[PDB]
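Residues: numbered from 1 along the sequence shown. Start at 1 and go down the list; that is how both ligands and their atoms are numbered.
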Amino acid sequence: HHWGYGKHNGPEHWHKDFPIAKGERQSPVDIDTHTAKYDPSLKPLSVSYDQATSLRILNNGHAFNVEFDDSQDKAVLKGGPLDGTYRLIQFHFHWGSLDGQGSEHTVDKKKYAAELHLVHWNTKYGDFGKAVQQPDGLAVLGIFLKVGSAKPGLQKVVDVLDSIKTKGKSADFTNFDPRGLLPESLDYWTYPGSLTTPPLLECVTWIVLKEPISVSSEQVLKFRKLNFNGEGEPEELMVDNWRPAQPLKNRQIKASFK
Ligand SMILES: NS(=O)(=O)c1ccc(C(=O)NCc2c(F)c(F)c(F)c(F)c2F)cc1
Ligand SMILES: [Hg+2]
Ligand SMILES: [Zn+2]
């Protein structure tokens, strides 16, 4: 019926209901490292997640989102290529059916096992809904996940997946510290883009970290046990919930490092 990642309702069909899919600043894109422009005027990123308040985790039929209380400047992102304070509202992942695919952004055509998106909205706009009507309304921090050693800080997320196996299910998920998902370095690439899922709105200053975090095979395997379907419907494993790379067109990807 509506949108998804299957053969009959996947990314290639999105343009029919969301014409912006063929827009000028669509995401994700391939990051050509030799064409990215080192911009020495970019400030370092400033991630202030010490007061973060996670509230819930839910399976929305497309991915699982961990939501945060964004009623106050509790967990924010500023600095980098951003002007203003962006508030963390939630994070989710995109992953594949196999270790060699899953990320949305690619680096020199290399695909990672998954990609974490920490979604933030520009506070000057009042609420998330208004931010999605502005060219600089959102800032998504993207982090690549490669399969290797286990990420301790990701385990609490992994263990709770059993209780939100199907579409629509949710579970209280308090006291989760998102700082446990950050890599060691905050070096990044940035470019103007969009939401990678419908409505595909062209807001979003993408901030993709250079350094991937590593998770274990067992950790990513639990992601693959989730379902796209609701309880009582035919089981469809939630895998490959990623959108292929879009044409860069008239945009330049800047890097904070050389
Ligand atoms: N993969 S990603 O690029 O990081 C991405 C992040 C967030 C969303 C999303 O929040 N959809 C919900 C949503 C909207 F996109 C709205 F524009 C809106 F007004 C809403 F109320 C709403 F719930 C979609 C894709
Ligand atoms: Hg917009
Ligand atoms: Zn995403």
**Q** What protein N/O/S atoms lie closer than 2.8 Å to the Zn ion (ligand 3)?
**A**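 Hits for the Zn ion (ligand 3) below 2.8 Å: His92 NE2, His94 NE2, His117 ND1.
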**Q** Salt-bridged, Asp187 to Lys258, with N to O below 4.0 Å?
**A**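 No.
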**Q** To the nearest 0.5 Å, tell me how far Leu154 CG sits from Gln219 CD.
**A** 4.5 Å
**Q** Please check this pair: side chain of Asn241 against backbone of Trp95, looking for a donor-acceptor N/O pair closer than 3.5 Å.
**A** yes
**Q** Apart from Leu138 itself, what residues make up its hydrophobic cluster when side-chain heavy atoms of I, L, V, M, F, W and Y under 4.5 Å apart count as a link, directly or indirectly?
**A**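 Besides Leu138, the cluster holds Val29, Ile31, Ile89, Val107, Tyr112, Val119, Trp121, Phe128, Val132, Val140, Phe144, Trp189, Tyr191, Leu195, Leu201, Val204, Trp206, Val208, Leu248, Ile253, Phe257.
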**Q** Do you know the tightest heavy-atom contact between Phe93 and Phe64?
**A**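 Of all heavy-atom pairs spanning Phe93 and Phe64, the closest is CD1-CZ, 3.6 Å.
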**Q** Aromatic ring centroids of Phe68 and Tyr49 under 6.0 Å?
**A**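 Here the rings of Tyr49 and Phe68 have centres that are no less than 6.0 Å from each other.
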**Q** Protein residues near ligand 1, heavy-atom distance below 4.0 Å?
**A** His92, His94, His117, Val119, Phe128, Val132, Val140, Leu195, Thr196, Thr197, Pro199, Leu201, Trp206
**Q** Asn227 and side chain to side chain donor-acceptor pair (under 3.5 Å): which single residue from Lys165, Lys169, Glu235, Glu236 fits?
**A**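 Going through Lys165, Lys169, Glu235, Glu236 one by one, the side chain to side chain donor-acceptor pair (under 3.5 Å) with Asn227 is satisfied by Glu235 alone.
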**Q** Who passes salt bridge (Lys or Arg N to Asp or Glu O under 4.0 Å) against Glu24, sequence neighbours left out?
**A** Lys249
**Q** Apply the salt bridge (charged side-chain N to carboxylate O under 4.0 Å, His left out) test between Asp73 and each candidate in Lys78, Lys124, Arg87; give the one that qualifies.
**A**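 Of all the options given, the one that passes is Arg87.
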